[PDB]
Ligand SMILES: *[C@@H]1O[C@H](CO)[C@@H](O)[C@H](O)[C@H]1NC(C)=O
Ligand SMILES: *[C@@H]1O[C@H](CO)[C@@H](O)[C@H](O)[C@H]1NC(C)=O
Ligand SMILES: *[C@@H]1O[C@H](CO)[C@@H](O)[C@H](O)[C@H]1NC(C)=O
Ligand SMILES: *[C@@H]1O[C@H](CO)[C@@H](O)[C@H](O)[C@H]1NC(C)=O
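Structure representation (C-alpha cells):
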C-alpha cells in the first residue's frame, strides 16, 4: 500500500567497488529511527547511493498492538493420582528385633517392590511397625516390620503449559519485508532483542502503561483441549504448597511420566494412612479449577477485555477503549545486508488518474498513479505537505497510493520523478471530511487505537457557505444581494403575520 | 463454590477406636510442635502405637518431670488427657449455623 515517514538517515555511506563487473554493492550500515504509525500502515526506509540515482526501500507493516507479558520461565505441571502398596511379613529372625531402621536406613526395598520401573514416578520410602498375635499374622507379641511405598501416576496424560509473568509490557507484531524479496514476521518486545535477522534489529518502545488490578496473573494454557484460563500461578522451584505449583518436571515429553531426574517436588504432597496392614493413600493435589480468582477465556477484569488472539508465541491479549497513547516510535539498527542497484534507469513518465479520500484524517486521501517504464522498480515521489514512496513493476500497470493533504479543494502541482528522470503531475478533485467514529453496542476493540485528528474542530468559511447555492466566478455579489433581498422579504412577511395575529388576538375577545 | 465458615479456624476430627467416640477439639500440627495442648508423644501407626518404643515414636523435650530429695528420684505426671484442653466438643455439635453430626 502507501508509505510515509521517510528518514534518509545514512545516505551516501558506502565504500563499494566496480561491483562484480557492471554494478553491485557490498554493505550499508548506520542507524535510523521510525516514528509511530497507525495500525495498518507502512514505514518505508529509502536508501540513497552517490553513484546510483535511486535505490529500494524497506517497508514495516504493523497489524495489531496487544498487551502481552514477557516469558520469565516455562514448565509443565502434569496431573497426578494416588497409588500405594504394602506387604505384611514376620520377624522370624534377628532382622526385626526392635525396629525396622536401626539409625538411618531409608532404603526400604528388599529387591521386591515395584519401584524399579519407568512408569512408577516420584515417591517416598517410608516404613512402620506391626502388631503381634494370631490375628496380626505372626507368633510373637512384638512389633513386626511392615514396609509401605506410595507414588503418583498419570493414566490420562493431560499436559498444562504455565508461564509466570508479572511485567505486562506493550508489544506489537511486525511484518518486515527485506529489499531482496524475503518477507517474514516476528514479535518485538519493549526493550528485549527480537532475534535480529540479517542485521535488522528493529525494536518497539512503549509508554509504561499502568494496570488496574493486574498483580498476580499468569498465562496457563492447555494443550489437548486448547483451553485457556487466567489464574495466579506459582514461582520458580522454591515454592509453597497450597495453590497452583504442584509437581512439575523438565520438559513436555517428560511430563507424561512422573519419573525422577527432571521432576521436582519439595515435600508433603501425598499422605499415608493405615490402621491394620492396609496402607491406604488419600489424594491431596488440587486441580487447576480449585484455587480462587480462576477466570476463563473471556475476561473483563477492569477496563481491559482479555480476549484470545490467534497468534504464534502468545495466546493472551486484550484491548480497552480508545487510549490514544503518547508515542510508539521504533528503533532500527543495521549490522550487515546487501542490496543490488541497477543504475541503468531510462526515461519514465507518469500521470494522475483519480483522487479521493477523507480530509486530514486517519485513512487519508488515496491517489491512483499510473506509470510506464522498462525498469522493475525505480521511483521516488516528493512533494510539499507529504512524501510518499512506493514500488512499481515492469511495463504499464496501475497503482494506488495515499497522501496527507490539509485542504478540501486539492488543486496543486506536485513533482514526480522515477529513477533519474523527472516530470510534473497535477491533482484535481473534491474531498470530504470524516471525524472520529463513535462507539456502538455489541462491538469490542481488538488491538488498540493509535490517534485521532481533533485539532481544528472549527467550521471553515471557505469550504462552508459555498455549496448551498453554488460558485461561478463573479456572481458572489449577486448571490449575496439575492440572499439579502430574500431575507428582507421573509422578515417583512413574518412581521406582517405577527401583526395580523396580534390584531386578531387583541380584538374580538 | 468455596463456602466460607463462621468460626471454623482450628478444628480437627480426632476419633476413638475402641469405644468409637468422636469429638471436635483443636489439635496440634506435624512433628515440630509446642507442648501445652494436644499433641503429646505420637508414633508411626496404630499397630505401632501399642508400644512407646523408638523407631516411629517422636517426642521433642520436657514431657515428664523428675524430683528427688534423698535417693528417691520420684516422677510426677504432667501429660493431660484428651478431655483437658479448651473448646472440647462432643458428637453432637452446633457451633454456629452448622450442626456437626456423625
Ligand atoms: C483474589 O483477588 C482478590 C482481589 O484482587 C484478592 O483480595 C485475593 O487475595 C485473591 N485471592 C488469592 C488466593 O490470591
Ligand atoms: C479511476 O476512475 C474511477 C474513479 O473513482 C475509478 O472507479 C476507476 O476504478 C479508476 N480507474 C481504474 C483503471 O482503476
Ligand atoms: C524484475 O522482475 C521480474 C519478475 O518479477 C524478474 O524476473 C526480474 O529478474 C526482475 N529484474 C530485476 C532487475 O530485478
Ligand atoms: C476457644 O475458642 C474461642 C472462640 O473461638 C477462642 O477465643 C479461644 O482462644 C479458643 N481456645 C483455645 C485454647 O484455642
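Chains as they are written, first to last, in PDB author numbering: chain B, 561 to 1069; chain H, 767 to 868.
In this text, a Cβ means the ideal position worked out from N, Cα and C, and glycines have one as well.
- Ordered by chain, the residues meeting the criterion of a beta-carbon within less than 5 Å of a non-hydrogen atom of ligand 1 are 852/B, 853/B.
- The beta carbon of residue 875/B lies closer than 8 Å to those of 779, 781, 788, 868, 869 in the same chain, with the five residues before and after it left out.
- Flagged as an interface residue toward chain H: residue 688/B, by a C-beta distance shorter than 7 Å.
- Against chain H, the CB of residue 659/B has a partner CB under 7 Å away; the residue lies at that interface.
- Residue 808/H carries a strand assignment under DSSP once its states are collapsed to helix, strand and coil.
- By the CB criterion at 7 Å, residue 901/B and residue 615/B fall inside the cutoff.
- Under the DSSP assignment, residue 1045/B falls in the alpha helix (DSSP H) whose first and last residues are 1036 to 1066.
- For ligand 2, residues qualifying as neighbours are 913/B, 914/B, 916/B, 928/B, 958/B, where qualification means a beta carbon closer than 7 Å to at least one of its heavy atoms (chain order).
- Taking a C-beta distance under 7 Å as the contact criterion, residue 590/B and residue 573/B qualify as a contact pair.
- Interface flag for residue 821/H against chain B is set, since a Cβ pair is found closer than 7 Å.
- One thing to note: residue 819/B has its Cβ no nearer than 7 Å to the Cβ of residue 683/B.
- Under a criterion of Cβ atoms nearer than 7 Å, the residues of chain B adjacent to residue 768/H are, in order, 852.
- Sixteen is the threshold: when 16 or more other Cβ atoms of the shown chains lie within 10 Å of the Cβ of residue 628/B, as they do, the residue is buried.
- With a threshold of 6 Å, the Cβ atom of residue 936/B counts as near ligand 3, since some heavy atom of the ligand is closer than that.
- Apart from sequence neighbours up to five positions away, the residues of its chain that approach residue 889/B with a beta-carbon distance below 8 Å are 593, 594, 595, 596, 765, ordered along the chain.
- 933/B is the residue among 610/B, 933/B, 836/B whose C-alpha sits nearest the C-alpha of residue 977/B.
- Membership of residue 721/B in the beta strand (DSSP E) is indicated by the continuous run 720 to 722.
- Excluding five sequence positions before and after residue 859/B, the CB atoms of its chain that fall closer than 7 Å to its own CB belong to 790, 866, given in chain order.
- The beta carbon of residue 857/B sits closer than 6 Å to those of 788, 868, all from its chain and outside the five residues before and after it, given in chain order.
- It is roughly 29 Å from the alpha-carbon of residue 751/B to the alpha-carbon of residue 608/B.
- In its chain, beyond the 5 residues on either side, 1008, 1009 have a beta carbon closer than 7 Å to the beta carbon of residue 883/B.
- Per the Cβ contact rule, the region 1013 to 1029 of chain B is not in contact with the region 932 to 947 of chain B (fewer than 3 Cβ pairs under 8 Å).
- Counting along the chain, residue 831/B sits inside the beta strand (DSSP E) bounded by residues 831 to 833.
- Residue 970/B and residue 931/B have their alpha carbons spaced roughly 21 Å apart.
- From the beta-carbon of residue 855/H, no residue of chain B is found nearer than 7 Å; the closest lies around 23 Å away.
- When C-beta distances to chain H are compared with 7 Å, the residues of the region 830 to 854 of chain B below that value are 834, 835, 836, 852, in chain order.
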